[PDB]
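Notes follow once the structure below has been shown.
Here, each number is a calculation from the coordinates, and none is a lab measurement. Note that each Cβ is placed from the backbone with ideal geometry, even for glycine, and that neighbours are counted across all protein chains shown.
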Amino acid sequence: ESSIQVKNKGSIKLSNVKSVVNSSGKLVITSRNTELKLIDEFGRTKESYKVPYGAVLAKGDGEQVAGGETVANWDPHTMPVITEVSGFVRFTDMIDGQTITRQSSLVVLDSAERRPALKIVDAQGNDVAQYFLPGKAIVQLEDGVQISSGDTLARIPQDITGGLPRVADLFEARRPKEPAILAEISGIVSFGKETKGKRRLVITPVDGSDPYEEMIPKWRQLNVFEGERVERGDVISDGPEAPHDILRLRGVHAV
């Protein structure tokens, strides 16, 4: 996230990096899938160096550089996230003993104890931009802060053994320890069904066009966003992937 070493001259080659208003004099990223490339003198690339959305650029797009320099530094542990709207943070549904556990800096709300995402107060008395609240959140700035766009307020910061067994597992297509959960039907991040017959966070679909039912275990954690996180297709949400999923979704050539 913070360590990016380059060799020689090149361009940025964002390859569809979502540029959003960053806190610094830069464009923040809201796209999970960011792939870079280096154009020294021809179309040949020198590295890919995929970076998360939390990265904030230090160089412009396509700018030639001498080399040996980072282009965008991101928190190795903290996961900075761009705010949906610019203005005061709208906090509601706060209950003592259920939404406040530790202490100012305090937890927003607990899903099990009770995700307030009403709106964001862009002005003093005008709001828009839903602030989804995952578990174990932290809020350090109260309402009326009137912060600028691009600020992050604790947006949840932070087998493959090479050899013959790996070759066999590849050939027999052994299922991974943590297959990535995919839903190619209206993939916009939502909330609900935290406690049902399935595990935590059972389902997370969106309307889109003809929504489908996708059970989600949410064993370790999630990879949800505010909105327009994913589009028609699927991306690796959590853990390694499985050949069957790629065959049934991405096609044959990708596999």
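State to the nearest 20 debye the size of the charge dipole of the chain about its Cα centre, where the only charges are +1 on K and R beta carbons and -1 on D and E beta carbons.
620 debye
Among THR83, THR45, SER11, which residue has its Cα positioned farthest towards the positive end of the charge dipole of segment 1-87, with +1 placed on the Cβ of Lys and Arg, -1 on the Cβ of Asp and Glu, and the dipole taken about the Cα centre?
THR45
Please give the Cα centre distance for segment 130-166 versus segment 29-88, rounded to the nearest Å.
Here the answer is 18 Å between Cα centres.
What share of all Cα pairs of the chain, in percent, falls into each consecutive 10 Å distance bin?
Over the chain, the share of Cα pairs per 10 Å bin runs 6, 23, 31, 26, 11, 2, 0 percent.
Restricting to Cα atoms and excluding each atom paired with itself, what does the Kirkwood estimate give for segment 15-164 in Å? Please report the intermediate quantities before stating the final value.
Values: mean 1/r = 0.0563 Å⁻¹.
Every distinct Cα pair counted, the radius reaches 17.8 Å.
So, in Å, what gap is there between the alpha-carbon centers of segment 90-127 and segment 229-255?
Between the Cα centre of segment 90-127 and that of segment 229-255, the gap is 35 Å.
Please report, in debye to the nearest 20, how large the charge dipole of segment 8-57 is about its Cα centre when each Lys and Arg carries +1 at its beta carbon and each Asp and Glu carries -1 there.
With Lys and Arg at +1 and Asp and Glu at -1, about 80 debye.
Give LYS18/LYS198; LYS18/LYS50; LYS7/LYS177; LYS13/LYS218; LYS13/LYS119 a once-over and call out the pairs whose C-alpha atoms are over 24 Å from each other. Intermediate results must be reported in sequence, preceding the final value.
Values: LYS18/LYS198 34 Å; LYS18/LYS50 13 Å; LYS7/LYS177 36 Å; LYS13/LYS218 34 Å; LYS13/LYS119 35 Å.
Checking Cα-Cα distances, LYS18/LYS198; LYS7/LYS177; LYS13/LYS218; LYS13/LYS119 exceed 24 Å.
When the scattering of segment 39-85 is computed by the Debye formula from its Cα atoms alone, each counted once and equally, what is log10 I(q)/I(0) at q = 0.17, 0.21 Å⁻¹?
With one equal scatterer per Cα and no solvent, log10 I(q)/I(0) is -0.64, -0.87.
Choose one of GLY197, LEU182, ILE216: the residue whose Cα lies farthest towards the positive end of the charge dipole of segment 168-255 (beta-carbon charges +1 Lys, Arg; -1 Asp, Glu; about the Cα centre).
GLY197
Per-residue ellipticity at 222 nm for the chain, helices alone: DSSP H runs ≥ 4 residues times -39500 (n - 2.57), over residue total, nearest 500 deg cm²/dmol?
Roughly -1500 deg cm²/dmol at 222 nm, from the helical runs in the chain.
Once you charge only the Cβ atoms, +1 for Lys and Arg and -1 for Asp and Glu, what is the size of the charge dipole of segment 15-135 about its Cα centre, to the nearest 20 debye?
160 debye
Based on C-alpha coordinates, I'd like the Rg and Dmax of segment 78-128, in Å.
Here Rg and the maximum Cα pair distance are 12.5, 32 Å.
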